[PDB]
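Two versions of one and the same chain are coming, encoded as structure tokens; call them structure 1 and structure 2.
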Structure 1
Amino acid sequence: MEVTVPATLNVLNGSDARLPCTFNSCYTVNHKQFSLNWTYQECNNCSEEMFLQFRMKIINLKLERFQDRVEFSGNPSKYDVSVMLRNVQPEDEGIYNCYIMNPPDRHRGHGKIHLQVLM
């Protein structure tokens, strides 16, 4: 599955960071079966923390590390699964992953963004 994300995303501290993610799946997005997991790790060999998941409806896990700054910013039926991180902080630097399953499409998609926080 083709997943389009910026490999590196550079955002100023305090600004809003939209993490763009779209995916080219031919099959129509069935909200009763579509799956999205947006996870976050600190390094390629570090632990992933799921912070948002599409199961029936958008589930925001409200991880303490993000406070209430995570928002969904996509539209699954339009093949957009982007997220928004409001008022970015230096600790938000790291790796963010968009996992995508669009049954009955066989292949799972994976986008990986390296978010860097500028002064």
Structure 2
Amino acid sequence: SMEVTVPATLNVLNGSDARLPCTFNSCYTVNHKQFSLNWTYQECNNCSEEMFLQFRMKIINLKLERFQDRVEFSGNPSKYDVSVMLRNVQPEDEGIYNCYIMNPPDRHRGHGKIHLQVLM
């Protein structure tokens, strides 16, 4: 894939704020309209994949039942931040976070894997 750095392992308190970033280093700093980025979450390793956030010429929150009004984006794609923030995490949120982006001026399509777990 492309150059993506993510926290290898993070622990979140019961119901506390969680912040999982997906930075990305390449040429052609991210613009607004033409740029395409995706965010998918998996409830387990071998379960089905459910996309929860997208940005096609505008930020699109799919508003899944797992992420009705909890996932929010307050990062900076220009500063290499497409992070997703999950407040009041649930034990069922234990799974995989995946950040998909694509840069129009370049031709590098890559992804990034993030592992999140919840402590009792």
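Just so we're on the same page, residue numbers count up from 1 along structure 1's sequence. Basically, rigid core = biggest C-alpha set you can superpose within 1.5 Å across the two forms.
If you fit the rigid core between structures 1 and 2, you'll see the Cα of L9 move by 2 angstroms or more. In this overlay on the rigid core, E49 has a C-alpha that sits less than 2 Å away from its partner position between structures 1 and 2. Core-superposed comparison between structures 1 and 2: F66 shows a Cα shift of 1.9 Å. Core superposition places the Cα of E93 0.4 Å apart between structures 1 and 2.
When the core is overlaid, the C-alpha of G109 ends up 2.2 Å from its other position between structures 1 and 2.
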